[PDB]
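# Reading the structure
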Amino acid sequence: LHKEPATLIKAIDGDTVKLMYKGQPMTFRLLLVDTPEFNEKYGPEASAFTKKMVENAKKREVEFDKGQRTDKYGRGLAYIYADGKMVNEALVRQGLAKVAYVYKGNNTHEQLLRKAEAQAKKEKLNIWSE
Ligand SMILES: Cc1cn([C@H]2C[C@H](OP(=O)(O)O)[C@@H](COP(=O)(O)O)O2)c(=O)[nH]c1=O
Ligand SMILES: [Ca+2]
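Residues numbered from 1 in each chain as written, not as in the entry; some residues may be left out. Chains lettered and ligands numbered in written order. Heavy atoms only, no water.

Considering the arrangement of structural elements, one finds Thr27 in strand β4 (residues 24–30). A distance of 2.7 Å separates polar atoms of two side chains, one belonging to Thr27 and the other to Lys18. Every residue in contact with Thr27, bar those within four places of it in the chain, is listed here: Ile12, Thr16, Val17, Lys18, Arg75 and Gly76. (Helix = DSSP H or I, 4+ residues; strand = E, 2+ residues; numbered from the N terminus. Polar contact = N/O pair within 3.5 Å; in protein donor to acceptor, adjacent residues only side chain to side chain. Contact = heavy atoms within 4.5 Å.)

As structure tokens, this is what we get:
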């Protein structure tokens, strides 16, 4: 896998962001995670985390996995990095997303995120507090 420049249009919520990819405004969905919907518990916190992480970054990058690059909804499927730190991983590590939607075609960072989730669970953070 290889990283490439991400041109940010706007943050959307915990696990989606709007990028301009090859000159097309495009929703990107974070691979291997699930943040709460904005209206659900930890939803506003997940949204705020992803938003500030991507916005405050000097270097924003997108990394496709080996399989499907878009889902059935036309959304890009990628890992997103902010100054070298993976947003997908940071959400899981902080208890603001569950590892989810694990498809064998696009699962390169599964073990990494499962490691992060086990630590969030141990620490009883956010989603794992109840
Ligand atoms: C993360 C991810 C979601 N999806 C699909 C599965 C869900 O479809 P269904 O709607 O048919 O269940 C939906 C969940 O996205 P959201 O969590 O953004 O709603 O997006 C993929 O197809 N591939 C993926 O990698
Ligand atoms: Ca979601």
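Once the structure has been displayed, the description carries forward.
Moving on, we get to the site of ligand 1. Every residue lining ligand 1 is accounted for by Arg29, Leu30, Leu31, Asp34, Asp71, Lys72, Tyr73, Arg75, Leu77, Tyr101 and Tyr103. For ligand 1, an oxygen atom lies 2.8 Å from a polar atom in the side chain of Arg29. Side-chain polar atom of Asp34 to an oxygen atom of ligand 1: 3.5 Å apart, as the coordinates give it. For ligand 1, the accessible surface in isolation is 570 Å², of which the surrounding protein chains cover 72%. Here the residues of the shell around ligand 1 sort into six nonpolar, no polar and five charged. (Near = heavy atom within 4 Å. Areas by Shrake-Rupley, 256 points an atom, 1.4 Å probe, with all protein chains shown as cover. Nonpolar A, V, L, I, M, F, W, Y, C, P; charged D, E, K, R; others polar.)

This part is about the pattern of salt bridges. Applying the stated rule across the entire model yields seven salt bridges. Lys51 is paired through a salt bridge with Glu55; the nearest N and O atoms lie 2.8 Å apart. Taken together, the residues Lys51 and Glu55, both in helix α1 (residues 43–55) and four residues apart, mark about one turn of the helix. Judged by relative accessible area, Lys51 falls into the partly exposed class, the value being 36%. Given the relative accessible area of 32%, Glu55 is considered partly exposed. (Salt bridge = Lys/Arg side-chain N within 4 Å of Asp/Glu carboxyl O. Buried < 20%, exposed > 50% of the residue type's maximum accessible area, 1.4 Å probe, protein only.)

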